[PDB]
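Shown below, as structure tokens, is a lone chain in the form deposited in one PDB entry; questions about how it binds or moves come after it.
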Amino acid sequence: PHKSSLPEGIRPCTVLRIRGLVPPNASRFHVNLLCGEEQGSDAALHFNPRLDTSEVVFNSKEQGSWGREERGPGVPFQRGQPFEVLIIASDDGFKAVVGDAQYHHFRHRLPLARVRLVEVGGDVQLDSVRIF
């Protein structure tokens, strides 16, 4: 349940560096770009590695309802293995990088200038969260 508050939002070319360890029997974890600390706040990005189902789900949340799910190729995560993730906020969308390779491109659905908070949750052991 890590929260990084982002007053004045994030301007494009923002890099999110997420370093951590995947627990040995972890189910799934998530990184969300939300518009506020409130519960029903809109999710500009929902990045959801799911090891139980062996997938990685991208989505957004608007007006309390989830949008269409996108999925990337395979799972660049392993139970008991560390990981580094970049989330590059561009004009065209979000570039998710895992390890040394770009994993998926999630095109914008909500205005990027609405993101007010970064939340990291789930079965993840967080080492560091940096925003450049």
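Residue positions are given as counts along the sequence shown, with the first one as 1.
One more form of this protein exists, namely the form solved in complex with a small molecule; it is left out here, but the text below deals with it.
Participant: Classify residue 69 as contacting or not contacting the small molecule in the bound PDB entry by the rule of any non-hydrogen atom within 4.5 angstroms, answering yes or no.
Facilitator: The answer is yes: residue 69 has a heavy atom within 4.5 Å of the small molecule.
Participant: Even though the partner isn't displayed, in the bound PDB entry is residue 90 close enough to the small molecule, meaning a heavy atom within 4.5 Å?
Facilitator: Residue 90 lies outside the contact set for the small molecule.
Participant: Verify the contact flag for residue 48: yes if a non-hydrogen atom of it lies within 4.5 Å of a non-hydrogen atom of the small molecule in the bound PDB entry, no if not.
Facilitator: Residue 48 belongs to the contact set for the small molecule.
Participant: Residue 59 versus the small molecule, in the bound PDB entry: is there a non-hydrogen atom within 4.5 Å?
Facilitator: Judged by the heavy-atom cut-off of 4.5 Å, residue 59 is in contact with the small molecule in the bound PDB entry.
Participant: I need the one stretch from 50-58, 79-87, 98-106, 33-41 whose residues put non-hydrogen atoms within 4.5 angstroms of the small molecule in the bound PDB entry.
Facilitator: Only one stretch passes the 4.5 Å heavy-atom test: 50-58.
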